[PDB]
Amino acid sequence: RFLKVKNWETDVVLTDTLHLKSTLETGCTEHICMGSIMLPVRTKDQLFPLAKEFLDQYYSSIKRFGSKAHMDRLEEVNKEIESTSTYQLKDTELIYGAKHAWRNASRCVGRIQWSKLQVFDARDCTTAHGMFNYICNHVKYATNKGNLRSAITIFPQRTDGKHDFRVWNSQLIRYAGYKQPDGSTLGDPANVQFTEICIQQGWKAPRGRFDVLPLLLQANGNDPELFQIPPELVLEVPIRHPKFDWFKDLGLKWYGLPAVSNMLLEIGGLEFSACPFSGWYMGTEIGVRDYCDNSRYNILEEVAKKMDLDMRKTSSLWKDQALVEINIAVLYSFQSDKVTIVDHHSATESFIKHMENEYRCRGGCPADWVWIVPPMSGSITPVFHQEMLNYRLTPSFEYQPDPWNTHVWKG
Amino acid sequence: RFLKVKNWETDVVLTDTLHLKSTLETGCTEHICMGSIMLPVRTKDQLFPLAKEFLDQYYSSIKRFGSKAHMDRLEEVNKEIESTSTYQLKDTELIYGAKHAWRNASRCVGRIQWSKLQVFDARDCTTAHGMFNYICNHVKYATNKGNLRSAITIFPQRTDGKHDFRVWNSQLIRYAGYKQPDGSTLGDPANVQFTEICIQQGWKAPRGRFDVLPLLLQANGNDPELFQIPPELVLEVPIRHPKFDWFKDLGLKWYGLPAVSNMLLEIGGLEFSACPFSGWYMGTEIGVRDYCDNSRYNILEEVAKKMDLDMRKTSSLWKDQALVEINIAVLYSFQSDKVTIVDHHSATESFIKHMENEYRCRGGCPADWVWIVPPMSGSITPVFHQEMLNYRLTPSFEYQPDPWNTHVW
Ligand code: HEM
Ligand code: HEM
Ligand SMILES: Cc1cc(N)nc(C[C@@H]2CNC[C@@H]2OCCNC[C@H](F)c2cccc(F)c2)c1
Ligand SMILES: Cc1cc(N)nc(C[C@@H]2CNC[C@@H]2OCCNC[C@H](F)c2cccc(F)c2)c1
Ligand SMILES: C[C@H](O)[C@H](O)[C@H]1CNc2nc(N)[nH]c(=O)c2N1
Ligand SMILES: C[C@H](O)[C@H](O)[C@H]1CNc2nc(N)[nH]c(=O)c2N1
Ligand SMILES: [Zn+2]
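Residue numbers (UniProt numbering), protein chains in the order written: chain X, 299 to 338, 348 to 718; chain Y, 299 to 338, 348 to 716.
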């Protein structure tokens, strides 16, 4: 079965055969589409098929499919599963798996970079202190003094689901948020609940607008532990504007390293519940979402006041004017400090080229249009005009619920 | 089977039950989502269930479900289908049907308006000249000297499908497009093909940049014929900027009346293949899409240059800057000439209100996020943060392929 996608700007038509390798469900049925819904313990029985499917993919990719090395590895895994109920990935397999999970991540606009990913194998980690050290090294390697390098650090897999490794932080680097008694928030309203957990865990909060949060790390199903990332490891960029000199006096800054730490990595049926990963920012992430979302730093009004825009009617497009200036500022600031960043025009153009390459060499590229299209200037980016098929390949990254809702506190 | 939608900005969660009445298929499966794909006669016994499903929802709406008068109409329609192979809607049923097709239109951000729709019943029409008359009357009514009113004009229903009424134009009012010896395109590059079909049929093109196209109208499955809309019925707006004096020098204008004319209206299993409808513009349609799309008028480069912005690197956001100014100019010009227009902020805020009314009054509101989120400044509009469920309810508007592909002459 063949599915076609058209680009409405170019009239380029692509053929997808890769969707035929899709296993998991989308959330959609032929009666309902859930494309804009954000969120639409395994047996040996379910595990060997999954291991086999993975090892089969790995071995075809190295062109060893059917080899003796191939057949011996199947049998080896087969026997490990029957005897220990699970199995361990070889290093080569883990690397290929982590890369492919990124490749398969349909909400990620940055995937042209997928084959360049530094994998750190932290499967020998046993404690939170060990996790802390591993994550420091990741941040230092990835930051590279502003010349950012993609990386992922992989902690031990789920066993009985009672001994999970987890990073409680949703990103390794983020700013505290403090709900004030007057109902206003200080710092990042997205992080209020987590900040409150940190405090109750004994964090001494500075109570400023940009306090870097402490890591909260769970090893082996244990209660999580607080660690402060060394400040000298946390690269930050004060935000200023090339034309407007009052921009700097808004007091804004952001961290250079976007590092997702709450996702679950699945390779060959195995589940890595702690697999923090990082690349670099696309500017709209900070300038549109982090700064201008109403429920985030929400700076639109203050920027527009300073700009003396006509604010009495939405139809002056004052919000849109201030939005563009803030985004110019973010890109200018990162560039001036030599911290890696990509603008949304460049990133989407690169994604379209990646997407076409993948169709030619792989028979497809699952993509989620809802997330790929930047949150400003959508239709002046080529991804707006590009039809996409969204489906699920493994290896994969999955959202998992925040651990404070699930953790069995040991005390 | 009962589904929740969350707004991530506000935390308001709504429960959808309306989807369990959905009938048509989406294109999505459990394995593949086609949410971003633009494009994902009836026999006697196909038509009766369709009529019944409609008449049931109609009688329920006027709170006479299961009433003597309900059962009597179901009977009358049954008799009429068995004997005539189709049936005729009562005026009341047609009006309700059309308002509901709009209400069910999951791609449409302006549905807060769905109940205020003037329906022109053109089912007595029989020639193309008649179609032209009807359409000028629609154009003049809806335009209302710039105080726009929503309207639809419904021509006769499909029969054996060898006698369709069709408006060949995709919209009642649009601009011609011609390829040049130089190789670029003059006017709207999206209408090049249609403009060639008009000249083929005898239109003498002014051969300018903003030439209102003629109507090509098809009555009763006949070869289509050409008519010019009276120039004085086409309200156009010169585009200027409130601060950039040079903007007017681009020589840009756009028409005030957006009027879609290639859709198929399906009510109670009957198919109205010529049903032009019109409301009023959200500014982004013109300013973002019509003017800035690369394969449309594609004017970004020229505006950016007149603004003296840094066009050397994508990261200066020159495109983004120019885009906003173009959209300020559309909105300002329409407002100055007192022609109804809505900005994307106000439109999307009204739609959130509409969603909330529909969830509580009707149990849901089908909505296609990919179309509903404006093509600029997406996440500063409230619809970006609103989860939506997309499903197909009937009565409905459905896209039709361009008829020059169908028709034989
Ligand atoms: C190297 C530069 C990269 C860029 C510019 C980039 C860009 C992005 C952006 C803009 C998003 C949407 C983010 C959001 O809106 O919250 C995203 C999502 C995502 N990316 Fe990337 N990405 C990069 C690297 C990576 C890496 C290194 C990985 C994994 C190894 C990754 C995996 C993911 C996943 C799993 C998502 C979905 C996240 C979620 O569901 O919350 N990306 N990417
Ligand atoms: C009253 C002012 C109205 C506003 C502001 C409005 C707004 C819009 C917008 C922005 C779109 C997306 C159009 C595009 O991107 O091409 C749209 C689509 C649509 N609307 Fe409306 N609308 C209005 C009136 C109407 C009326 C009166 C009807 C039917 C009687 C209607 C039915 C539809 C349908 C069927 C679509 C999808 C069309 C397609 O598939 O091309 N709308 N609406
Ligand atoms: C509910 C829910 C589900 C889901 N899958 N995900 C979320 C995180 C949201 C997505 N939108 C904001 C926030 O996630 C913010 C973090 N995203 C950073 C991005 F993925 C990125 C960029 C560059 C490099 C890199 F490694 C990573 C929430
Ligand atoms: C391939 C295809 C499928 C489909 N359903 N539709 C199309 C028309 C495209 C969609 N997007 C731009 C263009 O259609 C432009 C016409 N849109 C006008 C809009 F619906 C509107 C606004 C305000 C009032 C009103 F009555 C109508 C093409
Ligand atoms: C409801 C909707 O799915 C939600 O707001 C999505 C829309 N698109 C997005 N796109 C990206 N990249 N990141 C997001 O958080 C979201 N949020
Ligand atoms: C491929 C994608 O579906 C296509 O470009 C859509 C995206 N969203 C849209 N949204 C609206 N309102 N109108 C459109 O024409 C489109 N085009
Ligand atoms: Zn879908």
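Ideal Cβ positions, reconstructed from N, Cα and C, are used throughout, including at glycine.
For X/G333, the secondary structure class from DSSP, reduced to helix, strand or coil, is coil. Here Y/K302 is exposed. Its C-beta has fewer than 16 other C-beta atoms within 10 Å.
If you ignore the 5 residues before and after Y/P702, its C-beta comes within less than 8 Å of the C-beta of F361, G404, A405, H407, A408, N411, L572, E573, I574, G575, all in its own chain and listed in chain order. Set against 7 Å, the gap from the CB of X/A497 to the closest heavy atom of ligand 1 is not smaller.
If you draw a straight line from the Cα of X/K645 to the Cα of X/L455, it comes to about 10 Å. Under the Cβ criterion (8 Å, minimum of three pairs), the region 561-569 of chain Y does not count as touching the region 607-624 of chain Y.
For the pair Y/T321 and Y/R669, the CB atoms are not nearer than the 8 Å cut-off. For X/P356, the uninterrupted alpha helix (DSSP H) run begins and ends at 351-368, by DSSP. For Y/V595, there is no enclosing beta strand (DSSP E), since its DSSP letter is neither H nor E.
If you draw a 10 Å sphere on the C-beta of Y/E578, you find 16 or more other C-beta atoms in it, and that means buried.
For X/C599, the closest Cβ of chain Y is nearer than 8 Å.
For Y/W678, the Cβ falls inside the 7 Å cut-off from some heavy atom of ligand 6.
At the C-beta level, X/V690 and X/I659 come within 8 Å of one another.
Going by DSSP, Y/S622 is part of no alpha helix (DSSP H) at all; its letter is neither H nor E.
For Y/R596, the residues of chain X that pass the 7 Å Cβ criterion are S686, in the order they occur in the chain. Assignment of Y/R371 by DSSP, reduced to helix, strand and coil, places it in the coil class. Distances between the C-beta of Y/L337 and the heavy atoms of ligand 4 include at least one below 7 Å. Taking C-alpha positions only, X/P708 is separated from X/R473 by approximately 11 Å. Per DSSP, Y/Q525 lies in no alpha helix (DSSP H) segment; the continuous beta strand (DSSP E) that holds it begins and ends at 522-525. Taken atom to atom, the span from the alpha-carbon of X/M332 to that of Y/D471 is near 36 Å. Against chain Y, the CB of X/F691 has a partner CB under 8 Å away; the residue lies at that interface.
Around the C-beta of Y/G586, 16 or more other C-beta atoms lie within 10 Å, and the residue is accordingly described as buried. Taking 8 Å as the Cβ-Cβ cut-off, the region 612-629 of chain X approaches chain Y at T621, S622, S623, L624, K626, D627, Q628, given in chain order. Only residues of its own chain outside the window of five on either side were considered, and among them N634, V637, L638, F641, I648, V649, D650, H651 have a CB closer than 8 Å to the CB of X/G590, listed in chain order. Residues of the region 324-335 of chain X that bring their beta carbon within less than 9 Å of a beta carbon in chain Y comprise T324, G325, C326, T327, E328, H329, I330, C331, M332, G333, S334, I335, in sequence order. Counting C-beta pairs closer than 8 Å gives three or more between the region 349-363 of chain X and the region 383-395 of chain X, which meets the contact rule. Relative to the non-hydrogen atoms of ligand 7, the Cβ of X/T450 never comes closer than 7 Å to any of them. Rounded to the nearest whole angstrom, the CA to CA distance from X/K555 to X/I606 is 13 Å.
Rounded to whole angstroms, X/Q508 and X/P338 show a C-alpha spacing of 32 Å. Taking a Cβ-Cβ threshold of 9 Å, the residues of chain X close to Y/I635 are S622, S623, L624, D627, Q628, in chain order.
Y/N440 sits in a helix when the DSSP states are folded into three classes. Look at X/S640 here: in three-state DSSP terms it is helix. For the C-beta of Y/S703, not a single chain X residue is nearer than 8 Å; the gap to the nearest is close to 14 Å.
The CB of Y/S320 comes closer than 8 Å to the CB of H329, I330 in chain X, given here in chain order. Taking 7 Å as the cut-off, the C-beta of Y/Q535 does not count as close to any heavy atom of ligand 4. In this structure Y/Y706 is exposed. Its beta-carbon is surrounded by fewer than 16 other beta-carbon atoms within 10 angstroms.
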